[PDB]
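No lab work stands behind these numbers, since they all come straight from the coordinates. With ideal geometry, Cβ positions are generated from the backbone for all residues, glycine too; neighbour counts draw on all protein chains shown.
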Amino acid sequence: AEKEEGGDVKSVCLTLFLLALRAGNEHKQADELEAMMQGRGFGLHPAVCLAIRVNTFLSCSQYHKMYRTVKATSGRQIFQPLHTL
DNA sequence: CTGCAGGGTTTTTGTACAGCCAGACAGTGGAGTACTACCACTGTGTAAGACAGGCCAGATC
């Protein structure tokens, strides 16, 4: 890190790994991994969450209720928590 | 100091071999899928005032 960046932790791990996987490759993973960080969501971008709360009329406590449920059962939580909304 | 010009630097950007796995293509017969209109039918507009005519009460003469 010192010679080529100086404190850039994320990328060194990311570029070796995605491509290392697609080395002995079935592709399946490349979709999930190429989506994984910057575009988009992964889970769902907090703006899409916010809209899907505000615009379907979910009570805050109701929303969180759902969030807990989807998180605990088979999760891999999707929805973003309240304080990040 | 500016201007451009040989080449330096490191690094891009791709082509070069050759083998190989993945998943798309195409079939099927239809499955049961997913998304579609369509059907009546709804919810939110929410309280005062002005104006005419009566006529009785009661003051004023």
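The amide H of A:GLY75, built 1.01 Å from its N in the peptide plane, has no neighbour under 5 Å, considering only residues 5 or more places off or on other chains. With one equal scatterer per alpha carbon and no solvent term, the Debye-computed log10 I(q)/I(0) for chain A at 0.16, 0.23, 0.26 1/Å reads -0.80, -1.06, -1.20.
Charges only on Cβ, +1 for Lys and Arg, -1 for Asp and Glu: so what's the dipole of chain A about the Cα centre, in debye to the nearest 20? Don't skip to the answer; put the middle values down first.
Working: 10 positive and 8 negative charges, 126 e Å.
For this selection, approximately 600 debye.
Calculated FRET efficiency, A:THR73 to A:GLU34, Cβ-Cβ distance, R0 = 25 Å: about 0.35 to the nearest 0.05.
What does the highest-first list of A:10-17, A:46-53 look like by mean Cβ count within 10 Å?
On the way: A:10-17: 10.5, A:46-53: 15.0.
Result, highest mean first: A:46-53, A:10-17.
Only one residue of A:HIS83, A:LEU44, A:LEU58 has its Cα farthest out toward the positive end of the dipole of chain A, where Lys and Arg carry +1 and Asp and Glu -1 on Cβ, and that residue is A:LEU58.
Summing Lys and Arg as +1 and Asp and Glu as -1 over all other residues whose Cβ lies under 11 Å from the Cβ of A:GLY43 gives a net charge of +3.
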